[PDB]
Structure formats: structure tokens, C-alpha cells
Amino acid sequence: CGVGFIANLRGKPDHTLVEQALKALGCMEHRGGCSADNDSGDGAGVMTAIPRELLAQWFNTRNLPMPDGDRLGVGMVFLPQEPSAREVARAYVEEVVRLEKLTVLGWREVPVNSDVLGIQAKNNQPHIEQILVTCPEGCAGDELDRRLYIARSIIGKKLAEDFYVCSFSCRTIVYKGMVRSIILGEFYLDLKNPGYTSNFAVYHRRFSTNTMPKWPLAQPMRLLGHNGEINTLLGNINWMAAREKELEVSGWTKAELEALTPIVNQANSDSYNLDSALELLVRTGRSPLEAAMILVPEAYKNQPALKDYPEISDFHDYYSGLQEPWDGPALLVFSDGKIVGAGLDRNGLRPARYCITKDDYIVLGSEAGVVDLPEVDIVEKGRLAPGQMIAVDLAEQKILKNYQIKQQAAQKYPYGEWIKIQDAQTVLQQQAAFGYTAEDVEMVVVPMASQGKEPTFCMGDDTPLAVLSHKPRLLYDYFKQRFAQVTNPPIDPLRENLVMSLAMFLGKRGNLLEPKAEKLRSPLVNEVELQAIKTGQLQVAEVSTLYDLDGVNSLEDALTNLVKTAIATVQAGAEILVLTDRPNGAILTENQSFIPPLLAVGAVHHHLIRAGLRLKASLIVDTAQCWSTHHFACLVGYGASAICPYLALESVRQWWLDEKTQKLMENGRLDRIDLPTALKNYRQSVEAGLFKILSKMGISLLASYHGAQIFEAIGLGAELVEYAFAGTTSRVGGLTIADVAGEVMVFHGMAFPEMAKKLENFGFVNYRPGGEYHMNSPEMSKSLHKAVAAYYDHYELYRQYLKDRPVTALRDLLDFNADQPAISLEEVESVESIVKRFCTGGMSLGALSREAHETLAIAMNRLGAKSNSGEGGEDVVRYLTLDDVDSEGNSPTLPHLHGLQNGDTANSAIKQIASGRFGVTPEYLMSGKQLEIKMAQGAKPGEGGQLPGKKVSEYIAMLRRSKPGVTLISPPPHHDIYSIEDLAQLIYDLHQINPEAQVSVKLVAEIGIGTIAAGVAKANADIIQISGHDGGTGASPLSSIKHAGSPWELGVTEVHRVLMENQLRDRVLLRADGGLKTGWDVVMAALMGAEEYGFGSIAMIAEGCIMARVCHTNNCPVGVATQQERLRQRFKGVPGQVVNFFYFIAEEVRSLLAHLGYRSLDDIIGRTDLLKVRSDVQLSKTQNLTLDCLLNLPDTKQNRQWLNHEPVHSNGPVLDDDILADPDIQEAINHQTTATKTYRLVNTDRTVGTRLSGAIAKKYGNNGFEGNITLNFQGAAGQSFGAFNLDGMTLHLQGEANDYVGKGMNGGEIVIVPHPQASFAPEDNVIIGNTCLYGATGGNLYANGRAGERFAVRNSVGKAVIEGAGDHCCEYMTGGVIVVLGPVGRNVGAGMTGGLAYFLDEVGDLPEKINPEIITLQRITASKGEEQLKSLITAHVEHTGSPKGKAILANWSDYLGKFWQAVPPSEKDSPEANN
Ligand SMILES: Cc1cc2nc3c(=O)[nH]c(=O)nc-3n(C[C@H](O)[C@H](O)[C@H](O)COP(=O)(O)O)c2cc1C
Ligand code: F3S
């Protein structure tokens, strides 16, 4: 989406504003989307004041007296086209308008020209009429909208695609619909009528993830246009929905409030819902500015900028207990008629640039150079930093964030005023019966307790799904975590922790509406906290989560009465219910079992809701059965306001308190551990885990996580889900209440009747002869390897292991149902032809040894398939095919490989672009036939790459241009992609730099990937890849291997279907990967939708992985996942070996095509009707599972056109295309040429320079060119200006640019300068946006002004001079020099690990802002640092004239005093931070 507003304070209404607003919609076109058509828009809209002039002619013609501004009031209605029905609908608007004591003066048909609509939109166009109304009583402004508010909500109860009120106010009106941005005025002709004038305009361009536009959904709503995604929707809705019967306000009637009956609704969009909510707040007596503050609170904790504003710290301090944030990215632009303003979500995940004139004319929007003011007369150019608002008020004043927020600081105050005022070893078998296992405590609780970090581990979740395994499992194991993908970003929980909180409010929430003067640091509560609170505000009935046998026969009953107990107790005034499995202190064999803490808090939390009661109490789960990081999150997830993990906590006591342990602590295990530390660590480790899981979905506050239900259940049947966990997706639908009962019986059996010695071990984490199955295991994989090494008896073996396999994945429930005769193997397409569909999967050169990695690439290339460079860059040297191979099978060019033919090439066909952009370099991008944007990997969806430091050798450091010692945790988001349009910006960046290369986007299965993919398809991707929760890593958290992600059978299926229904399926080829290792696997993914197939772990095995599962360790015994030379030298493994493995897999495929009866894999894809559910299988835990979700897909028998994709998607005609057209291909092919060119840039010119840079790079690579092209530019520059810029490529921007300047900058220079015609302070004025120098690898950028957030985010080696910046300066920085000549936001440190930064922060306050976790703040001491500073501070002035540059240069000796140098330890001892 594109949003913005325009306001005129110092004029009376004109048409030009409207003209300007329309224009700007136009300049937002790329931030929006189209439909099957490529013609109809995902929607465009504009909010203005009532064009009271234009409506003139209406009254005139009817000889009717026009009412006062304040007393007219206008509905824009959408009505059915069919005449009888239009009148049914008209008579109703009027009927209900009549029902408040208002009169109708009639109706204006709205002149429109349907002829410009695209076909889908036209087909679908409601009939549009404005109704004019008045109050005979003499109602006006506040009372009249307030009335019209009640009114549109009533009309809303009958809302349809055909029948919808856009707006109904005496102050504001909305013209919107399903048009492409510039068409908006062609359609509605009023907007081109000069009689249309407004003091403002809120405009919005929509981007939808579908193809099928519905007019009410276009969007400025009644109050706000909203660009972003609510990422805690289901929560926020659920809480509001519970406020709804108990709404109480200032005189507002219990009948009028009941009239907004349901003000919030699951079915509607995050925007409809937000607008609606925002409305309630406003109409009930707050100003849109304040309502937005309540609902999308700033991040106030730790904010240097709040020093002298303690009022507002108390505003959110207060509201924080009442209203949890509507989280996710968001630029909110809204109007009242009375006020127009904009404000950002807390993290500021959407750009907002604004401009002010001498006349206090203001323009805000997602992009800079958009409305075309006269530069000579601009007075500010700024931007909203995270949380900030800016408004305008009818009484002629602009209103910057500080007033603003104080203005609701000032009133209702009590703020800080009222806030102030507010033994044996039974342990061994409790453990056994609450379902702990040897691995749970040894491998999970213990590490948390000893090291204070949940455990790392490696490779992927090898084992069957809770519901399909035969081993007992927890109810928790059935919930997989959901995470953010293209549609919103994860946030960085370590580097950006300062924005989160695990606070949790214990009292009942009051009236949100009525600010009356009338808390838990973390969700985790220790025996102390527990009792403290059983003192507290109120008494707190325990409810026996427990229940005795026979009598109360069933868990069903116990559930029932729990709920009833719970309901009754809350009625009886109970304000907290501690749901204990430890009721009165004990847990017996005859206290025969429990209610699982999860199934309990769920039931209470929904049944309370169903009861009207949830706002009344808040809930503590007091449980043995919770210890896991995931466990807590499932609890806070389905309702727990907090958790006392009593028996977990105990297992730290029993562990520490034990000879074995104390002994090893006396020598061995770090005995830096009094029990107070084990304990403080156990929990501190749970906190890091809740942070992590939240950020996987980009959520800041546990407060938001809490309602929401950020999981996807897999294996729970419908009634169970409805009953306990209402509105969670469970598409496979398994378990019953009894079904779950039986399972808790399985581990109740074994602590009581049985013998309590040591808890059993099911090799869940790690292959064991006794225990849970594993698709891969060391013995199985040694025989596979020996098979391939030959060219037989092993596959009998290997194939055997494969047989004794139980049910594991969902594909295992399914068999085939050929619809044709079997066929001759000789008919079937060749092995060589299947192999082209195979892919080896982008495993990081870091993670694997180069022997292992280069091998896969040679082998993949041989097969005419492709291999993939994961996220660690590729060594240039591979880019060349090999001559040097000799008789022996070695090559001087790669002396460490073996068995190389003279035809070989180790260059990766796919080159990855991942969050850290480690090797991401112009030649890099040009070296690949395809480009992969890695949104997530299967082992760890909401998270970044990890590579522990052990593994970062000098080689790797050189490749990634990061520092040798140092661990690399890449950022969870691409700082580059905060929304789908953002995705579309990067796809376009890449199409731009190397037009020839198909761009894939790699997504992980989860409910919702379908919709996301529709977007990815609209965003111009060439390939989508679905990756199951299944797949491998060489380092991830154990929790995430085990608890984040969904089966790729759901991933592939859902994408394939949604893409088909949207008619986008042809736009994209699908890859799947996730524990595929078998011809059958391949065939099943083809039936399911996939056209290409990816192999990580088996390709590894085939080269000699055993399955040590020690990948994070750097010990692979086998030379595969280590950097250690010693170990690498042990790498047996030859391209031939994997070449063979894939032929095996192909041959295996051919024969399936034969049983089946088709010649070619091309014939089978998505032929889902060929699948049936298996006769054999029955599981231990449920009768069966519904598989509608994999069986029911678009019939593919005859429509197979979708299987034809264009060869590569185009960015279309681009300014570079021309740059590269004139006497320029001489300055290139004649290697040393000076060229100059100047052009005017408008902000649809995006990624300018980039293509020329690819073009140079494709022939000279990164540094072969000693020419010099100077490109000078004029105007406002769109996204990604001067991306991937190269040496002797100089870029002049006269004006301003937007986000991503110098993204991936490699070399050369980029100078950006105001237009001289300015009478403003460059220093004090924004000239560049967020995320500049993103993965900068070289180059120098110079910028006369302030810059956005994340400046130089993962800067590896680029240098820059700018004059001010937002937050997160230097975020993940790793090298280079960054010089900033003006103030800066907070987190100035985060993860910066190498390179130098110098600031100059005269307010003296810098060190308050700086991220203290790693960097250090020096004053300049080493003369060589001054020399470094000067040289840039000078070159800046040489490149610009920078008034601020010149000032400091002639006062070199003054300002130079305190003015900080940021040193990462790692730079401590260089010539420029010592001596
Ligand atoms: C050792 C190792 C390293 C990996 N590195 C990356 C990575 O760099 N980027 C990425 O997207 N996926 C990475 N993955 C995952 C693969 O790209 C692929 O999605 C996955 O291995 C498929 O799972 P599978 O092993 O079950 O076949 C890695 C997996 C492993 C085995
Ligand atoms: S599991 Fe990993 S540590 Fe080794 S044998 Fe395989 S590469």
C-alpha cells in the first residue's frame, strides 16, 4: 500500500489539493497491485472534506436551501445494480437514517465513467449514490457524525459487496473503488470537477494478495487508511469482542452502544477492524490522535526522547494494563474533518516522509518526491521515526509528535498520580507422569539451567508428527508455531530487544472508554511470586486441574466441571484463577491424572469468553507439565496471563542438588553456579525463548501475544479445537478429548503402578535403537553412501530401513490410484530429463565445508540440474569452468576436491539473497542463473541464519566480509522487506540488476502461505519454494527444529490451490523441499503441486554425512559440516557420488510414472485425483485424519496451461535501459571512458544505476573497470537508488532519494544533495530513507542531510558521510566507516561487530542511546582516527559543500572535542582507536 495526506491551512479550499492528491496516488502505483486483468486495481481511495461547492448544483437544481457546513452531511453509498434490489437497499439506508431523527433531502447519483474500469472491476461495480441528510432538531458536527456513526453501523449489519457505506459524515467523505491508482479520477468525475475543493485529502493505494477485487475493500476506510498488517489480529479482535457487552460511556445509551452491536469481526480485514475500533474510540470522546495512541502505542520503555515528557510515559504506562497493542507494521493516516494526521506502528515498519512549506502547506506519504511543491520554498523535510505522529488541526496549526502526545499526557492525568496509588525421589515420577522424558530434562531443562540459553541443535525434525507417532507425546507437540513471511516482518529479539516486553497485567481490564484512576514483570512466576500474588489485589481460587478415577469417569467431564467451576468462581468475584495440577499440595496415583495445562487454559479462556466474563479475571497456570520454551508460549498463547512452572523449577533444584552434578561442578561442568544462578538461568532462558517466539511473528509485547493464537494445530479434531482452542486452524483434524485422555494415560501408567528409576528415553532428539523413528540415522546413511560410491546390496539395506519406517509424514497416509494402464519403462522420460527438476538446496558455504559445498555444485551441474549457494556467498574462483583437471582427477584450481572431470564447474546455479546478504555483490548476482530470496528456512521460520564463531574461519570471514573470530546471527527480517510491496521492490532490484535470471522466493509452510504466495506471484517472482518444517540446518534452536513450521504437504498444496483459484498459477513454478529422499517423495510432491524438488540432507548423506548430528559443533567427523582442516581432509565424497544418487532417485521416479501410466512428470503435477487414502494404516492415537486438504484441488486432467511459465519476468521499460542506450556501450566496451549524463528522475524511477552496474559487472566483475561514468540526476528518487553500485560509477542526486539508497553498494560513489534552490538547513533536513547501504560491500555514499532508520544496516565495507539519522544506526555492521554529522535515534549499537563509526552528538546525550551489548564509546584519541574522520568529513565537503561540513572543518578543534567514536571490540587495537 501507499498512503499519505495533504493539508492546507493557510488558504480556503481549492481544487488543486485534490488534483495533487490524485497525482500522488499515481506516484504510489508500484506500492499497489492489480487483478487477473492486470488492469483492475486492488483498490484506490481518497478522503476529503465535503465538496460543499459541488453539492451546490444538487440543491440548486432542486430549488432546495443548502444547509450549513456543519449540518449537511453526506453518505457515499455503494448499492446493488439490479433495480428492484437497489431500491430495497435505498429504502433501507433511509429507513435507518430516519430511525435517528434525521431527514433525507434526497440522493445524488454520482457521475462516473464505468468505461475506464478494468473488466473484473467493472463487472463488479456497485451502483454509487450519495445521500444528503439534515437534523431538523438542529443537530451538528459532533452530534451529527456521532449520529451518522450509529447509523452506518446499523446499515453495516447488512453489509455486502453490493451494499456498503463508504462514509457518512457532515465533515469528511470518501471516494474509492477498484481502480488502478491514476484511474481514480477517470472513474469518479467529481474528482476532476473544479467545483471540488478540500483543505485536505487522505489518499491510499491498495495492494491485495488476491485477484478478485471487492469494492468495499478499497481503502481509506471511514476514518483511516491503513498501510501495514495487524500481526496480532485474532488476539486484539477476541479482546475487543469481549469488551462489547460491557460498553459504558458519558450519557451514551445502552441501546445506542448495543447498536454498534459487533464492532469487530474475524471475517473482516485488519483494516476494517482497525478503523472500526479507532472510530469507537473517537466518537466516544477522544481525538483520532489519542485513539491511535491507545491502540498502536509507541515503544516508550527506554526512550531518551521521553526524558522531559514523563506525562506520556505514564499515559502508556497506564493504557498498557488496559489495551494491548494492535501490532505489526502500520502507517496510519486518518481524519476527523477536525484533525488530519499520520502515525507509525511502534517499530515504524512503513516509511512516512513529509514536507512543509513557508505557508505551512504539508504533505505526508509513503514516499518523498510525490506531490510537487516549489523547492525554493520548503521549510522542513522530515519523516516519522518509530512511534511518531504528526497532525494538522482546523485552527491552522501543524502538530509535531511532542505536542501531540503531551496533549493527552496533560489531561485525565492521574498518570503517575493514580499509577502509584493502584525430599524423596518422587520427583523422578511426578516428572514421569506429567510427561517429562530423559531427553526433556537432560537435553533441554539442564542446558537452560546451566548455560542460561535454550539448547542449539542441528539437522531437521526427523521424526513423525505427534499425532502420527506411536510414542507418547504432549498436547503441546501438536501445536506448531506460526511466523511472519512476506506480508510482515519478524523483528530482531536480541538486537532490538528494547522494543519488547514480557510484562503481564494481573487485574481485570476496566472500561477502555472511560479513563478512570481505578502487574507481573514476566509471565514466569517463581514460588515467591506465586504466593506474593495469592496475597495481592485479590484472592484467587485454585481450581483442581486434577480429578479422581472412576467416579468422574472422563477427561471430558473433568473438563466440563473445570469450566463450570471456573465460570462460577469468576461470577463469585474471583479475579484470578490459579489452575493448579498441584491442588492442596499433592499428586497421587488415584488423583488419577490431569487436565493438561494447555487444554485447560484454553477451555477456561474460551468458556469464560463464551460466558461474557473474560474481562473480569486474569489467569495463572500452575503446572508441573510446562518446562519447554514452546510450552510457555502455547500457554500465554491460549490465554495464560502467567505461569508457575513448579516442577520444571524443581528439576533445576533436583539437578543441581545431587552429587553427580555438584561433582562435575567441582571440575568439568561450569560450577559457576550457586542454586540462585541455575534458577535465575533457567528462567532467564525462558525469557529469551518467549522473546524469540514473539519476534518470529514480529510481535513486541507478550501483551499482544497473549490473546492471539499464534499457532497452527496439526492432528487435533474439530470439536476438540472448538472446545479448547477456538479458531485455530487444524486442517488434518485428528485427536478427540478422549483421544488425548488416553495419551496422558500412557505416561500416567509409568510413575505409579510401574517403577521410578530413570525417565524413559525415546530418541526424539537423536537416533536411538529403542526410540522414536527418524527418516535419517547413521547406519541407514552409511549404507546409502556405500551404494553410491560403487555405481546395490546397500539399497536392499537402505531401502530396508526405509521399509521398517512407521507412518511419519502426511504423504505416508496416502497411496496411488492410477487412472490408466501401467506402461513400459522405455516409454517414460529419461533419467536425464527428471534430473533437471532436481535441486540441491542452498546450504551455507559457512555451514558446510567448501569440499562438501563445491562437490554438490559440480555434481549438480553435471546432471544439468542446479545447486545452491545458501547464505554465505560464493568464492569468485568457482565462477570459472575448469581446464586444469588431470589423469588423477585433481585440479590445481581446487586442489581439495577429487574426481573432477575436465568439464566440471563448481559455480552455484542459484545464488541466495538472505537477511545478512553476506556475499551479496554485483558479480555474485551475475554469476547465478537464478536468484533466491530466502524469507525463511524450515528448521527455523521466524529467524535468521546462524553460524557460530568457531565456524567463521578466515576464509569465511573473507567471503562474508565479516570479522574472523565472530559468530554471525543474521537478522530475522530482510531489513529490506516489511511488506509485500517491499518484497516486490527486491524482486525488482534483482530483475533489474540481472534481467536474465529467474527470481525465486523461499517461503516455509504454515497456514497462510497460500495468500502470501498469491502476493509473491503478484510481486513479480519467477519461482516460489515451499519448505517444510521438516528440513535441515547446520545450527538452529532445538525448539524451532521441533515446534516451528508445518508439513510441506500443506505448504505445497495450499500455494498450488490458491495460486490456481487466483489464476496466478502460471505466473510461477513451485519448488518443494522437506525431507525428500525418494522417488516416491518426488512423485508425491508432484501430485501435490510441485514442479521442482529440493534435497538438503540426503545430498549431504550421499557425500558421506553419517548422521553425527554435530553440525553446529564444527566437529563433523566426515569433513562435511566443519571448517576444520583436519576434518575436511577426511572428506571422502566425489561429484560422481551425488550424480549417481540422483539417477537412483530419477530411475525410482520413472517406474512410478509407469505403475501410474504417464510418460512424463510434466503429466502428473497436481494430478491430485490420482491419490487416495491408504487401506493399511491405523495410528495409536486417533481413528483417522481428514485429508480433504490434500485431496481436494483444482481438477487438473485438462487445464495444464499453468505449467508454462514465461522464461523470466520483466521489470518493464526502465530509465537505466536508456542510460545504457546512448554513446555509453563505448565507455563500457572501451574500458577507460569518462562519460557524463544528466536526467530528471521521478520516484517511479527505482533502482536507478543498478542495471548499468550489472552490465559492467557481467563483463569486468566487481573491480575490472577503470572507466568512470558520472550520472547526475534531478528530482525525487524512488526505492533502491544506486543499488549495487560499482567502481568508477559515480552518482549525483540533486534533490532527494527514498529508501534503500546504496543497497548492496559495492564500489564507486553516490553523492546526494538538496536542490540548491532551498532555503533550509541541510543538517536539519531528511534527504534519504530507511535501510541505506543495506549489505554494503564497498563504495562511498555522501548525503547532505538526515537519513532514515537502519542506516548502513549490515554494512560490511562501504563508507559513508551523512548528516543525521534515525534509530538502529549501523545496525548489523561489520566493517567500513560511517560518519554522522547530526543527531541519531536509539540502538546505535546493535550487533555492530567490526568497522568504525564516528558521530558528533552535541546534545551530549549519545551514550544514553547507544546499544551497550557490544560496541564502545570513545572520544577521539588516536591521531590516525582524526585523520580518518577529517579525510571523510573533508571528502564530503569536496563532494557537496555541506554547510555543516564546512562549519566543522574551520572549527576543527572545537566540535572535535567530545564527539564519539564507536569501537567494536575487534577494532580496539587498530591505528585509529589506539595511540
Ligand atoms: C547444513 C545445512 C545448511 C543449510 N543452510 C541453509 C541456508 O544457508 N539457507 C537456507 O535457506 N537454507 C539452508 N538450509 C536448508 C536448505 O536450504 C533446505 O531448505 C533444506 O535442507 C531442506 O531440508 P532437507 O535437508 O530435509 O532436505 C540448510 C540445511 C542444512 C543441511
Ligand atoms: S549430521 Fe552434520 S555433523 Fe556431520 S555427519 Fe552430518 S554433517
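Residues numbered from 1 in each chain as written, not as in the entry; some residues may be left out. Chains lettered and ligands numbered in written order. Heavy atoms only, no water.

Its PDB header names X-ray crystallography as the technique used to obtain the model and reports a resolution of 2.80 Å.

The chain goes by Ferredoxin-dependent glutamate synthase in the PDB entry, where it is assigned to Synechocystis sp. PCC 6803. Within the Protein Data Bank, this record goes by the title "Structural studies on the synchronization of catalytic centers in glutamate synthase: native enzyme". Word for word, the UniProt comment on the chain under Catalytic activity is "2 oxidized [2Fe-2S]-[ferredoxin] + 2 L-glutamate = L-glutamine + 2 reduced [2Fe-2S]-[ferredoxin] + 2-oxoglutarate + 2 H(+)". (UniProt positions renumbered as here; feature names shortened; annotations may be inferred.)

**Student:** Lay out the sheet that holds strand β10 (residues 330–335) with the relevant residues and their values.
**Tutor:** Overall, antiparallel pairing links the five strands, which are arranged β9-β10-β11-β15-β16 in an open sheet. For this open sheet the edge positions go to β9 (224–228) and β16 (397–399), each flanked by a neighbour on one side alone. Recorded for the sheet is a direction-independent mean angle of 10° between the axes of neighbouring strands. Together, β9 and β10 form the strand contacts of helix α9 (residues 270–283), whose direction differs from that of β9 by roughly 135°. (Pairing = 2+ DSSP bridges. Helix = DSSP H or I, 4+ residues; strand = E, 2+ residues; numbered from the N terminus. Axes fitted to C-alpha atoms, helices over the stretch in contact; angles between N-to-C directions. Contact = heavy atoms within 4.5 Å.)

**Student:** With reference to specific residues and values, describe the nonpolar core.
**Tutor:** Within soluble globular proteins, side chains that are nonpolar generally end up buried alongside one another. In terms of nonpolar packing, the biggest core is built from 289 residues, with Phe479, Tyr682, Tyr1093, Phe1281 and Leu1341 touching the most fellow members. Take this core: its biggest share by element is eleven residues, from helix α39 (residues 1135–1156). If near-sequence neighbours (up to four positions away) are discounted, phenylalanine 479 is found in contact with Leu598, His630, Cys634, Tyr638, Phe711, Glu712, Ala713, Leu716, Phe725, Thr728 and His1043. Ranked by size, the runner-up nonpolar core spans 72 residues in total, among them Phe5, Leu22, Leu132 and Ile173. (Core = buried A, V, L, I, M, F, W, Y, C linked by side-chain atoms within 4.5 Å. Buried < 20%, exposed > 50% of the residue type's maximum accessible area, 1.4 Å probe, protein only.)

**Student:** Tell me about the site of ligand 1, residues and numbers included.
**Tutor:** Residues in contact with ligand 1 amount to 23 residues; listed here are only the nearest, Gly842, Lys1002, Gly1075, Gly1096 and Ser1097. Within the backbone of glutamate 871, one N or O atom sits 3.3 Å away from an oxygen atom of ligand 1. Backbone polar atom of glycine 1032 to an oxygen atom of ligand 1: 3.2 Å apart, as the coordinates give it. Contact with the protein chains hides 97% of the accessible area of ligand 1, taken as 600 Å² for the molecule alone. Broken down by class, the residue content of the shell around ligand 1 amounts to five nonpolar, 14 polar and four charged. (Near = heavy atom within 4 Å. Polar contact = N/O pair within 3.5 Å; in protein donor to acceptor, adjacent residues only side chain to side chain. Areas by Shrake-Rupley, 256 points an atom, 1.4 Å probe, with all protein chains shown as cover. Nonpolar A, V, L, I, M, F, W, Y, C, P; charged D, E, K, R; others polar.)

**Student:** Give me the side chain of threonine 1337: which residues, what numbers.
**Tutor:** Tracing the backbone through its elements, the reader meets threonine 1337 in the loop between β39 (1306–1313) and β40 (1338–1346). Judged by its relative accessible area of 8%, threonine 1337 falls in the buried class. Residues contacting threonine 1337, with those up to four places away along its chain left out, are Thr921, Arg961, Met1305, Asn1306, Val1357 and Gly1358.

**Student:** Give me the lowdown on helix α33 (residues 1009–1018), citing residues and values where you can.
**Tutor:** For the α-helix, the turn length of 3.6 residues means that residues three or four positions removed from each other point alike. Counted residue by residue, α33 has nine buried out of ten residues, so it is predominantly covered. Taken together, the buried positions of α33 are occupied by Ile1009, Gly1010, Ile1012, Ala1013, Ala1014, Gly1015, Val1016, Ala1017 and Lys1018. Here the buried face of α33 lies against α32 (980–993), β30 (998–1004), β31 (1023–1027) and α35 (1048–1061).

**Student:** Give a detailed account of the domain arrangement of the chain, specifying residues and quantitative values.
**Tutor:** Annotation of the chain at the domain level lists domain 1 (1–421 + 509–517), domain 2 (422–454 + 466–508 + 518–765), domain 3 (455–465 + 766–1212) and domain 4 (1213–1475). With centres defined by C-alpha atoms, the gap from domain 3 to domain 4 works out at 38 Å. Between domain 3 and domain 4, the contact holds 32 residues from the first and 38 residues from the second. For the pair domain 3 and domain 4, the two sides together bury roughly 2900 Å², of which 55% comes from carbon and sulfur. Applying the counting criterion to the domain 3 and domain 4 interface returns three salt bridges. A salt bridge links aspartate 989 to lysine 1303, with the nearest nitrogen and oxygen atoms 2.4 Å apart. The tally of links from domain 3 across to domain 4 stands at 20 residue pairs in polar contact. Those elements that place two or more of their residues in the side of domain 3 that touches domain 4 are α30 (922–926) and α32. In terms of residues, the side of domain 3 that touches domain 4 owes the most to one element, α32, which gives eight residues. Along the lines of polarity and charge, the residues of the side of domain 3 that touches domain 4 split into 13 nonpolar, eleven polar and eight charged. (Domains from an automatic or database assignment. Buried area = accessible area lost by both parts, 1.4 Å probe. Salt bridge = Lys/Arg side-chain N within 4 Å of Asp/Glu carboxyl O.)

**Student:** Give me the state of the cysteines: which residues, what numbers.
**Tutor:** Under the definition given, this model contains zero disulfides. The structure places no disulfide on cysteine 458, whose sulfur is separated from the nearest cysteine sulfur, that of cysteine 1111, by 3.7 Å. (Disulfide = S-S within 2.5 Å.)

**Student:** Give a description of the site of ligand 2 that names residues and reports values.
**Tutor:** Taken together, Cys1105, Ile1106, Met1107, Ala1108, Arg1109, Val1110, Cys1111, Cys1116, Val1120 and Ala1121 make up the full set of residues near ligand 2. Of the residues assigned to the shell around ligand 2, the class counts are nine nonpolar, no polar and one charged.

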